[PDB]
Protein chains: 2
Amino acid sequence: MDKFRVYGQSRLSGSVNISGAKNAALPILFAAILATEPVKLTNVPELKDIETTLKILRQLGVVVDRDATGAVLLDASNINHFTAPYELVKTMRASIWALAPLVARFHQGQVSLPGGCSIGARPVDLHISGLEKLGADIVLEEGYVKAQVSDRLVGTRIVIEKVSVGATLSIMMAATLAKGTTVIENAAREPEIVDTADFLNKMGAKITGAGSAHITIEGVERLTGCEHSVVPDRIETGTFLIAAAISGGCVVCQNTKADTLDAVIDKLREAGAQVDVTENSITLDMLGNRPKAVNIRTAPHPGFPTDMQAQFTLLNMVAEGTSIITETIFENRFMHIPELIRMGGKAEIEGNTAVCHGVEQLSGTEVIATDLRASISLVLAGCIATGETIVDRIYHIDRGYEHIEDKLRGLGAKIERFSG
Amino acid sequence: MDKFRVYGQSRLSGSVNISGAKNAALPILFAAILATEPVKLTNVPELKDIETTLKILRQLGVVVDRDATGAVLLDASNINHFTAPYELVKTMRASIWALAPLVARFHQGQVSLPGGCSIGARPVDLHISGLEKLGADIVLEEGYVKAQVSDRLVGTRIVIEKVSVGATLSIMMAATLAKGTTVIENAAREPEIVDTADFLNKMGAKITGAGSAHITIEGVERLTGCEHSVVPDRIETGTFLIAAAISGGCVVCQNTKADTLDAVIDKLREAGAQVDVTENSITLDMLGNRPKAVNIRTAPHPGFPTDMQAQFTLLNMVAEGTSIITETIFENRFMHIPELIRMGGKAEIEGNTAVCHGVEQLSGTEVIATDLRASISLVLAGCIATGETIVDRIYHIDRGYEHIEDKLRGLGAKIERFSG
Ligand SMILES: CC(=O)N[C@H]1[C@@H](OP(=O)(O)OP(=O)(O)OC[C@H]2O[C@@H](n3ccc(=O)[nH]c3=O)[C@H](O)[C@@H]2O)O[C@H](CO)[C@@H](O)[C@@H]1O
Ligand SMILES: CC(=O)N[C@H]1[C@@H](OP(=O)(O)OP(=O)(O)OC[C@H]2O[C@@H](n3ccc(=O)[nH]c3=O)[C@H](O)[C@@H]2O)O[C@H](CO)[C@@H](O)[C@@H]1O
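Residues numbered from 1 in each chain as written, not as in the entry; some residues may be left out. Chains lettered and ligands numbered in written order. Heavy atoms only, no water.

## Description of the relation of the copies chain B and chain A
Heads up, the rule is: Between copies, superposition is a least-squares fit restricted to the C-alpha atoms. Here, two residues are considered to be in contact whenever any of their heavy atoms come within 4.5 Å of each other.
Screw-axis analysis of chain B against chain A gives a translation of 0.0 Å along the axis, an RMSD of 0.0 Å, and a rotation angle of 180°. Here the transformation between the copies is reduced to the relation of a two-fold axis. Among all residues of chain B, the minimum C-alpha distance to the rotation axis is found for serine 118 of chain B, at 2.5 Å. The fraction of interface residues of chain B whose copies in chain A are also interface residues reaches 100%, indicating that both copies meet through the same surface.

## What to know about the interface of chain B and chain A
Counted only if it meets this: Accessible area that two parts lose when put together, evaluated with a 1.4 Å probe and summed over both, is termed the buried area. A side-chain nitrogen of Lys or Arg and a carboxyl oxygen of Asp or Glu constitute a salt bridge if their distance falls within 4 Å. Pairs of N or O atoms within 3.5 Å make up the polar contacts considered here, provided that, within protein, one atom can donate a hydrogen while the other can accept it, and that residues adjacent in sequence are counted only when both atoms are side-chain atoms. Here a helix means four or more residues in a row that DSSP labels H or I, a strand means two or more in a row labelled E, and each is numbered from the N terminus.
Counting residues at the interface gives 29 residues for chain B and 29 residues for chain A. Approximately 2200 Å² of surface area, both sides summed, lies buried where chain B meets chain A, with 51% of it carried by carbon and sulfur atoms. The interface formed by chain B and chain A includes 0 salt bridges. Where chain B meets chain A, there are 10 residue pairs in polar contact. By residue number, the principal contributor to the side of chain B that touches chain A is helix α11 (residues 336-342) of chain B, which donates 4 residues.

## With respect to the state of the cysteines
By definition, a disulfide links the sulfur atoms of two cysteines through a covalent bond. Residue and element names in this part refer to chain A. For the record, the criterion: When two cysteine sulfur atoms lie within 2.5 Å, the pair is treated as a disulfide. Three exposure classes are used, based on accessible area relative to the maximum for each residue type with a 1.4 Å probe and protein chains only: buried under 20%, partly exposed in between, and exposed over 50%.
For the structure shown, the criterion picks out 0 disulfides over all chains. Lacking any disulfide linkage, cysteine 383 is separated from the closest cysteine sulfur, that of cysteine 253, by 15 Å. The class for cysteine 383 is buried, based on a relative accessible area of 2%.

## Quick word on a negative patch on the surface
The criterion, for reference: In this analysis, a patch consists of residues with relative accessible area above 30% that form no salt bridge, clustered at 9 Å for like charges and at 5 Å for the nonpolar side chains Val, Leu, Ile, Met, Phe, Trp and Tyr. A 1.4 Å probe and the Shrake-Rupley method give the accessible areas. Residues count as covered only by the protein chains that appear here. Charge assignment: positive for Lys and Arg, negative for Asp and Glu; neither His nor the chain ends contribute. A single reference atom marks each charge: NZ on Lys, CZ on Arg, CG on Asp, CD on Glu.
Taken together, the side chains of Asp125 and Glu161 of chain A together with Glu348 and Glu350 of chain B make up a negatively charged region of the molecular surface. By secondary structure assignment, the location of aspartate 125 of chain A is in helix α5 (residues 125-133). For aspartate 125 of chain A, a relative accessible area of 39% puts it in the partly exposed group.

## Observations concerning the side chain of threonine 326 of chain A
Residue and element names in this part refer to chain A. Note on placement: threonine 326 falls in strand β19 (residues 322-326). Judged by its relative accessible area of 14%, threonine 326 falls in the buried class. In terms of polar contacts, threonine 326 uses its side chain to reach the side chain of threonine 353, at 3.3 Å. Once residues lying within four places of it in the same chain are set aside, the contact partners of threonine 326 are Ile296, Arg297, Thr298, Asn352 and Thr353.

## Description of the domain arrangement of chain A
Residue and element names in this part refer to chain A. We count it as follows: Segmentation into domains, and thus their bounds, comes from an automatic or database assignment.
Split into domains, chain A comes out as domain 1 (1-18 + 232-420) and domain 2 (21-230). Each of domain 1 and domain 2 has a C-alpha centre, and these two points are 30 Å apart. Each partner contributes residues to the interface: domain 1 has 24 residues there, and domain 2 has 21 residues. Summed over both sides, the interface between domain 1 and domain 2 buries roughly 1700 Å², with carbon and sulfur atoms accounting for 51% of that surface. The largest contributions to the domain 1 side of the interface with domain 2 come from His301, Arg399 and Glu402, which together make up 29% of the buried area. Linking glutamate 192 and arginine 234 is a salt bridge whose minimum nitrogen-to-oxygen distance equals 2.7 Å. The tally of links between domain 1 and domain 2 comes to 11 residue pairs in polar contact.

## Concerning the pattern of salt bridges
Residues and elements named next belong to chain A. Inspection of every chain in the model, using the stated rule, returns 46 salt bridges over all chains. Close ionic contact of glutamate 360 with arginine 290 constitutes a salt bridge, the shortest N to O distance being 3.9 Å. On the criterion of sequence distance, the pair formed by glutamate 360 in the loop between β21 (353-357) and β22 (366-368) and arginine 290 in the loop between β17 (281-285) and β18 (296-297) is long-range, its members being 70 residues apart.

Here's what the structure looks like:
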């Protein structure tokens, strides 16, 4: 049980390299189950979830490994097992993405149903439903979702009840090998879905409209293989931009894709920051200024990302003025607020809305990481708080932030990873 | 990391002894900080939270121990330390109750602010506010709530913004030694508050209206000591009644206080059960019948208790018909639903409402305990599911259920506690 010791009162400035997106690499890795020929992935961050995914794949018969260059080589030519075991799946709800490819290509698959989650309900009803529409027969027995289709899946129009990144990806994946044309209406538009779509296309798939609420897929016999560089992580990028915005510093994020963070960049500018976007980098200069409070309302892409909500709660807590933060995606994603309040922040919670009252300076103390995005927010808070800050259950960060210690340290942060 | 192995397909019938209420023993234990003379508590369940509380007390200078009879002897005559340390408080948010007594009697106290919680936000703003109204000066520094009053607290009328069991108890405790008369309006009416009130009265306090939304307290110089038998646990009682109702069995709960479960008992009867209440026992005979789905709406006492919500979600999932369960107290208290769905249950979640569709039989599998009331619900589900069920993170039950293994086993359950 590791925990970070962070020394406060610091200005975070400098350069930081942005890695590939966890939420792109994950679905792409499961989508590789459809590949009949070799696959090579680059810009894949080293994260716990990637490792767990690899284990699930190997367990299905997929041969995969990361080489000395960091690239991930994957061969799914001889998959002979069709069950994503509970032992592994219980540690990563994203593995639900194993079901779609397996049924589509092998006409059978098994993945254990999701468990309870601290930030909110995470059912997969839309995933199951979408697959059934495509012709899959699904039975729920022994905690497993068991799909089976006596023949190749059948394209059709599916109108997803609500905007779901997960279900959009599952259905898109299965559609690739279905007979006929599939239309995914009211689809999520997230950049990770576009990237997964492009990945699939490189292997023969025929997907159009990815990134819009209207995705069209013309099923094909089978997918081949390819080499693909994972899309830069917009959330990691947004996080480091926040590092500068909350500390008066100036940070330059390298290897970015600015057009995936319009909502974030505009809120940062609204907060009083200057950000310049080039095709491969994004710079944020807070100008040694305290930020101005701004209202936040999370929403499906291209709106403000829920995955940046905790980071902006921190920005508003040190900003000048009152702010209204409305979380519309999940129902319990404010667990970071009490921890931040322990550090001197001020927020009043009511329903899915937090009304924050910015203060000039936070104070270091002990806090507990409750989730992925909250964990980084607490570390960042520790960087600008007076004195020392200790963050427990820091294992959460390793789920979405590659070498976060070195990267932050590279921006002037003084942080030591110790074991309690 | 222990976990329960439960063998399903069983009818739970028999007798079970009900212990004292965790939510009465806890506040009473912290209230004992006001005692200048010896205190003797009986019917105090052996729970992790009680142990942690004892540690906090000893750390303040209180001499306390449980003897061979099970009674808890406590001497708070020489308290010489006034800080409930974060090291301990971080493991039990209820320790916030240490602040009120300490400030009231010693005119100073320190307790660390609460952290994030999985079932919902658990701020203590109403606690702090109530104490300030009484004249306490409070500062938040280094993650601690530091109270101080240059003189004896001062009675006044306090209108709590919302119904809070915790804040009602904190203010009531401090009011006992304030100068003048204090009125707590819009107070929570829970049975545990009444019991704590009676406890305080036995030591000289002057509290009236406990159990109603209007509590009147006439401050006094100091409190003495006494012997007190903790009120029976209505939630534990409700839980075992559910054991019979979901399995077609017949259970008799001994050493009860039926008038604290009217809402629960009436819903059980609505579900098709026969329950007979005597002054010291409550019997539920399901009559070998499958229950009828009933709607649930949690609310402050005397309405349906949120602490029985998970238990009734299980009842409705095996019942006949559709049910609407509305949780109005906390915002993420449905983490048990996905786990139960893994077992065959069916529920659709939307906001603070779960629409369940009862099924005839659940199926055994692996599930994870997410919280206290959810953990027991999963164990109970395992008792009536076909085959075998394994419940992980079972350490949650030990927070509110004394010797739960023996008690359930005493009702016909086959359960083995093993270490993964
Ligand atoms: C591995 C990954 O990519 N995770 C991201 C993904 O998660 P995730 O896959 O859960 O995102 P979704 O957009 O699909 O769903 C979000 C909401 O839809 C609900 N829902 C989803 C599926 C379903 O079948 N039924 C249903 O009711 C969820 O309960 C939740 O309220 O999108 C979230 C919103 O951008 C991000 O914060 C996550 O980091
Ligand atoms: C140790 C103990 O006795 N725990 C019980 C107690 O908890 P607890 O003390 O939290 O109960 P409260 O009734 O005081 O409060 C419940 C609600 O009030 C809110 N709130 C509370 C205090 C405050 O200062 N500000 C505020 O906003 C909470 O966020 C929550 O939404 O009552 C709950 C409701 O019966 C039970 O489920 C808990 O098992």
